[PDB]
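Contents: one structure, followed by commentary.
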Amino acid sequence: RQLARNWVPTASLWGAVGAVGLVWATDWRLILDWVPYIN
Amino acid sequence: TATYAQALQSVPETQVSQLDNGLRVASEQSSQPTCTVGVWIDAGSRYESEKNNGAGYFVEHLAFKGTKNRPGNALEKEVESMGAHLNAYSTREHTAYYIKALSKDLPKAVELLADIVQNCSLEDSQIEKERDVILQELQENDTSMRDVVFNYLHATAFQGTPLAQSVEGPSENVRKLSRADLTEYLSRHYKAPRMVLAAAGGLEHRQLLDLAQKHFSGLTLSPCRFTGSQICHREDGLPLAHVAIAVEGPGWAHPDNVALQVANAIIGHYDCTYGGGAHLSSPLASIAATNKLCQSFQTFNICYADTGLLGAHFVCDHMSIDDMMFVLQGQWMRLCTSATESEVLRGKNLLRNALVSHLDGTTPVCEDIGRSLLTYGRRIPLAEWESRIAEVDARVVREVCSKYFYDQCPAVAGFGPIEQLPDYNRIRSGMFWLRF
Amino acid sequence: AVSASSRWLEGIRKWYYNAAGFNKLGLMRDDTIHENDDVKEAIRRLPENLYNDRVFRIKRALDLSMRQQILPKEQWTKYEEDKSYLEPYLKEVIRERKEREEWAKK
Amino acid sequence: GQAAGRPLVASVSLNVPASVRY
Amino acid sequence: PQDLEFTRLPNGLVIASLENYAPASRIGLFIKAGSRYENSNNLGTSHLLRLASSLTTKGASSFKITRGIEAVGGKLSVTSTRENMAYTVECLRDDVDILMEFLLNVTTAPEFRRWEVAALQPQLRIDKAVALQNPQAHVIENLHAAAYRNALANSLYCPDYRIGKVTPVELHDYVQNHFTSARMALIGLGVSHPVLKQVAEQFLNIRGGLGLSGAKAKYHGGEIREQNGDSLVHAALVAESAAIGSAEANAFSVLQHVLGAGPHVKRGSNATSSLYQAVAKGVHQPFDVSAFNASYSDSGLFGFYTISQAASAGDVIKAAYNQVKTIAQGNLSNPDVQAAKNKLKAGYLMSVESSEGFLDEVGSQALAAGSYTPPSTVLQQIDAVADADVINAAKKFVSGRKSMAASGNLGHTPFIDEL
């Protein structure tokens, strides 16, 4: 039509689901320590 | 002339009155030679006890069998004298006596209708005539698959409350029932404020209220539980297999009662014999008409005092039953997320259509007035309905149906050859999308 | 920007039709078409006398391609005779879906 | 003996299922 | 508000309208082509024609219709009988015009596509089946077949061997023959006369041609019996009454309500009906008896349709039947006459009040008369019924040739010679 309904807020989260996932999936910059992070 | 908004505005409005002992009066004037006069009592089954169960429907017969002043079949010959038809019917929450008659004979009408409500000749001559007729009807009533399968549905969802029981009650009570309980049951539930009088027709209010006439009327709800459950009467003889699925919903007076009125218009309904074809708009009337996945189905909506039921009723052949259940839960779940402004309209319109066309004719108006008073109070908010409809918006629906549908516990009741109907823990796992 | 080349087109198209073999097997222009969903419905509506004579040309077509041989060129189809019989049905089905596809936009 | 409202029977098919009558 | 304004055209198609206060606005269109106009090779057409209303018009695709009507929230109906097919349509106060637009295209501009006809064929059986679940249906359609020869005996449904036999031509011919601007009537309800008056003259004016009346129906003796497994016999016994639009056609309507029992009290066995009572005394366990009267243009039938068990069936008829003779013997009560007429007035007025019910009776006069008769006139015509007239009329039933039909276990059923 096109009404993009809560599918957008739906997808939006899901995109952020995996984004954190890879960071969690992998390591790399280990990420600004932010609660324990080994040396 | 008449424009849609204007046509609302000129209607004879509700009239109201009181008597001293709590009886009520109400009426409307259609400028019409014929009139409906009636009575609507709130004495239901959900009041009645375990021994009194079924007494209500039992009493319902005896009234026209002759009474205190006018013995057996002297009464009727006066009704047939007027040529007025005469009717009565029952329901779990209500009982109704009413008459359709010319405006002329009204003086006798009430005074007749008056007597029947309270003074009733109770003669065991009649009882045994009666106790057969019921024990005649019970065993036959198996023959109609529809009416049965509902009696499954209540008992399976509501188990453990007075609402969970048959109208007519189990057969054994019909045998043991003695007119002692009746007189007690008579005495208890027929007093005012319970009672309500109404009428519509050539009657003017005041010409009624005087002949509301020097007679007399008279001198409980507890909430019910919702039990997510299942029941299957598996019988492989019969050709077709009924199903009914339902989820619990709000009571009479409540805002959400309107939103859900509209949804079940949108999903729509299909039957074997329509001239619709494969081009219909209702997404279950297009699919299930294509392959005749199901012979017919309708959605029902029932609202009790504090409680209501939402769900559909569909018939289909046994190899096919699975494919309904899936394609059904497609609909409810695409509503609670993906619904749309445009499709709302075709739902919204139909409701305006049916609501109005429901008001043609004397009796359908009067019949409404009766239950309304007991229900919403005096309110007959005709034009207000429209004003309440324009409330409905996209975000209205999806906030409403998100409550009652998504991730709930359904109530399934079915009647054989059910066999393929999936095991319970499928259905519960079919209510909530995982996003597929 | 085509005028004489247009008069040269029909030398190619009307003549091109000669350079595509399906003239030489006994087929027509229409029976060639790649099947698609519309055609699936377009086929249904053909009355017998056309329909079977649509079958037999094929059934005779394929068999020939098995034997690697080609009809006597006297009996080849003649470009002047081109049976369009498919079009008058086919435009319907393309039309009538346009409506739904559009009516369901909004 | 059913004409009962009006002359003999009827047949009606539209949408809403069908209706017989007397 | 204003009362009935009906306007002939030069074309001869009656139009009439009222102006209501309600958001309810409905139109109707009546046509004289019923079952009686199907011919021998022409059978089963009308019963197909009545299902085809959703097919593709000349101007609009069959799809755009069905989605279109529902978007508005309108409703389209069709109705047939042995006489007058009626396309009824109804919607809200506002939207009528778009819907008034489609109503023509269906009847004005039909197109029957051979690929869109053949797909509809199997529908008939599905339709025919759900109709005959009430044998009280299936008894009647046999009855007319016994009581006539040529025309009226035709079914309202398509016989079975005839199913695959419906060609579009047959339709497309029967369209234009029995549809014509002389034979049609257009009736509004809630809409202004002029708007209605405008469009009708435009589209609905065609020919001419009209009306092929060759059916005199020629009442003629006969009977039909049928043996099925069901345990409940049905029975009808009929003699020829007179045609519609006669004090007799009024007189019979008086006569039925004397004997003829609709339930006036729920579960009440009707004691005012002499018939059902005159039987029950000398007989036994469940049964039912009712008088049966219907009248058509050129003729009408009168009789009583009964139901019993296999044993009682023999007596039930003879009992009830002689009971009529009693009335034909002069036995009468003026109060019952006075009582019956009251029922009639009651039965009629309560019948009319509902808009739809009202709507039908409007045009019912129209195709027949062409005028409108206010109910007052009906009333004053009612009481004009003479006592001996009633008797004398009933003296015609007993005194004249009869016919019968029965479906069920017939073992004890009498024949028309034993009566």
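Values as computed for the structure displayed
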| item | result |
| --- | --- |
| Given charges at beta-carbon only (K, R positive; D, E negative), |dipole| of the stretch B:14-219 in Debye | 460 |
| Kirkwood Rh in Å, taken over chain C so that all alpha-carbon pairs contribute | 16.4 |
| Scattering profile of the stretch B:276-332 at q = 0.13, 0.14, 0.18 Å⁻¹ [log10 I(q)/I(0), Debye over alpha-carbon scatterers] | -0.37, -0.43, -0.65 |
| Mean shadow area of the protein assembly as shown, taken as a quarter of the surface of its Cα convex hull (nm²) | 59.7 |
| Estimated translational D of the stretch E:1-215 in µm²/s (Stokes, Kirkwood radius over Cα pairs; 4 °C; 1.567 mPa s) | 70 |
| Å³ per residue enclosed by the Cα convex hull of the stretch B:229-432 | 139 |
| Distance histogram in 10 Å bins (all Cα pairs of the stretch E:91-216, percent per bin) | 9, 27, 31, 27, 6 |
| Charge-dipole axis of the protein assembly as shown as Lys and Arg at +1 and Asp and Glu at -1 on Cβ define it, positive-most pick from B:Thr290, E:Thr79, B:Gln9 | B:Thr290 |
| Sorted largest first, extent of the stretch E:143-235 alpha carbons per principal axis (Å) | 58, 34, 29 |
| 25 Å Cα-Cα threshold exceeded, pairs from C:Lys78/C:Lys98; E:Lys58/E:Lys197; C:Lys91/E:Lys64; B:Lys129/B:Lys214 | C:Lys78/C:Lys98; B:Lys129/B:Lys214 |
| Which listed pairs, of C:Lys24/E:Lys165; B:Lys100/E:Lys396; E:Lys343/E:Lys395, have C-alpha distances above 32 Å, in listed order | C:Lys24/E:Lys165; B:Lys100/E:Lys396 |
| Mean separation of Cα contacts under 8 Å, 6 or more apart, over the residue count of the stretch E:216-419: relative contact order % | 39 |
| Whether the stretch B:148-211 is rounded, prolate or oblate, judged on the alpha carbon gyration tensor where a/c under 1.5 counts as rounded | prolate |
| For the stretch B:14-219: rounded, prolate or oblate by the Cα gyration tensor [a/c cutoff 1.5] | prolate |
| Low-density loop cleavage sites - chymotrypsin sites (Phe, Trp or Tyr not before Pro) in the stretch C:16-103, where at most 10 other Cβ are within 10 Å (DSSP) | none |
| Sorted peptide list for E:247-260, B:314-327, criterion being average Cβ within 10 angstrom, highest first | E:247-260, B:314-327 |
| Total charge dipole magnitude, chain C, about the Cα centre, Cβ charges on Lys, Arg, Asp, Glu only, Debye to nearest 20 | 200 |
| Estimated translational D of the stretch B:207-273 in µm²/s (Stokes, Kirkwood radius over Cα pairs; 10 °C; 1.306 mPa s) | 86 |
| Relative packing of E:354-364, E:11-21, which averages over residues the other C-beta atoms within 10 Å, highest first | E:11-21, E:354-364 |
| Size of charge dipole - the protein assembly as shown - debye, nearest 20, with Cβ of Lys, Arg +1 and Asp, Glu -1, no other charges | 1860 |
| Three-way shape call for the stretch E:290-384 based on the alpha-carbon gyration tensor, with the a/c threshold at 1.5 | prolate |
| For the stretch E:216-419, convex hull of alpha carbons as volume per residue, Å³ | 143 |
| Separation in nanometres of the label points that stand 7 Å from Cα toward Cβ, at B:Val133 and B:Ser17 | 3.3 |
| Low-density loop positions, GluC sites (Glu not before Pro), the stretch B:116-196 - DSSP coil, at most 15 other Cβ in 10 Å | B:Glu123 |
| Relative contact order (%) - criterion: Cα under 8 Å, at least six apart; region: the stretch E:146-255 | 40 |
| Neighbour cut-off at most 12 other Cβ (10 Å), DSSP loop, trypsin sites (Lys or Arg not before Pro), the stretch B:311-392 | B:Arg379 |
| Diffusion coefficient, µm² s⁻¹, Stokes-Einstein with Kirkwood Rh over alpha-carbon pairs of chain B at 4 °C and 1.567 mPa s | 54 |
| Selected from B:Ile266, B:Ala114, B:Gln213, residue furthest toward positive end of dipole (chain B; charges at beta carbon) | B:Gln213 |
| Normalised contact order of chain E, rounded percent, pairs of Cα under 8 Å and 6 or more residues apart | 21 |
| 27 Å tail of the calculated P(r), chain E, as % of Cα pairs | 58 |
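Coordinate-derived values only; no laboratory data. As a convention, Cβ positions derive from the backbone with ideal geometry for all residues, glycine included, and neighbour counts pool all protein chains shown.
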